[PDB]
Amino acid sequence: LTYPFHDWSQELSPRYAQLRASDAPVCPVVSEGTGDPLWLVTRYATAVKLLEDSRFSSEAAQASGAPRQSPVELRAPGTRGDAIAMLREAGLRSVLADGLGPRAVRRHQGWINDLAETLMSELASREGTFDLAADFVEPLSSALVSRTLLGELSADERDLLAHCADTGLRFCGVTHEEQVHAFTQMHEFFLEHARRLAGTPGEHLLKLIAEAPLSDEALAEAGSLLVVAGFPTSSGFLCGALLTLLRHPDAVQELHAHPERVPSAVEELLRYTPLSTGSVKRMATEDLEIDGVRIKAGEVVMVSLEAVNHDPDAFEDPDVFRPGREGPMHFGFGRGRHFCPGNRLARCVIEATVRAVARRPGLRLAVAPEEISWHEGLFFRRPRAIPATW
């Protein structure tokens, strides 16, 4: 069985449920991209055990030379590629909390909600249809990255970074050397500009890092991290969440009537809406055992968050979008020590988007869901456009 399963749209591959129901708690696959053997976990209970055992190491699975699911290493050649580790290493946990935590949300939620309303209001004033991907998600996610993470970017700089992320974070669709060069271009951009970006107005995280008590190569790796972790993820997820909402007008109607139910809908979108077409992954740093299956030192085990989020043993009717369902914690931000530190800002922008939609009932797709076209091969699913109208 080769990996990934080429399920580039919101329709999850049937392989995930087939492995979930199989008689083994971990299943062998082979990387289509490298030929590397890998282990794959699809059950919630097993995923909790793996992701909360620190002897399964994320950094070891990211290291140059690890068995891997990507066709190329996710780093500019000659660089370390372990930015968030390096930053927590140098003693910046405090600064990451300031730039990503509840205080950052308090600083930014005002303009984020103003911008979501402004973008939706301009679309509502247009005669004709519009594109929720290009006209709502792209400006909102670009503003999030610029104001809270990198600093003010020109349009051309934003486009270059967006292109680098779409070219480098891929299972297929580009040559290996094009994929590698995307990381080289991004790194060389931040070698030239990361310090410049820190010296602009704002409280964006890259400034906070650059002002804390770092070499240009380290600051450049911080910039590349914020692009790959913050830009295609937020844009892919907001696009997918809008598709989910547009396909559930009864749910939107309930949020319109009961705005206090929006936070529950945000959490259910994170469970229900698929994002990555690959898996979180960890290297066994010694011989380990998971639900009876031996994992030798150096072997890499992946967890599909999509598969876990749709596990019927965890969630009753897992394929139903049900805000306010009462089951366990979703896996949309992961689990354990590597739980997405962007979760506060992500939840902020997701909530701003849900509220903007819930205030304007009647918003609908201008084509059929099957006429939606998907970028093929991205790590993080994204439709090419979302034609919509009132």
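All residue numbers refer to positions in the sequence shown, first residue = 1.
- Missing coordinates between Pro213 and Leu214 amount to 4 to 9 residues of the deposited sequence.
- Stretches 116-124 and 217-225 differ in mean C-alpha B factor, with the higher average recorded for 217-225.
- Stretches compared: 61-69, 319-327. Higher mean C-alpha B-factor in the entry: 319-327.
- In this entry, the residue among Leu208, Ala133, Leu269, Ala257 with the greatest C-alpha B factor is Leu208.
- Among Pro201, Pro263, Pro102, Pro249, the highest C-alpha B-factor in the deposited entry belongs to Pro201.
- Among all modelled residues in this chain, the alpha-carbon of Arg282 has a temperature factor (C-alpha) in the lowest third.
- In the PDB entry, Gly91 places in the highest third of its chain by CA B-factor.
- Ranked within its chain, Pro312 lands in the highest third, by CA B factor from the PDB record.
- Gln185 sits in the middle third of its chain by CA B factor, as recorded in the PDB entry.
- Sorting the modelled residues of the chain by their CA temperature factor places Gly173 in the highest third.
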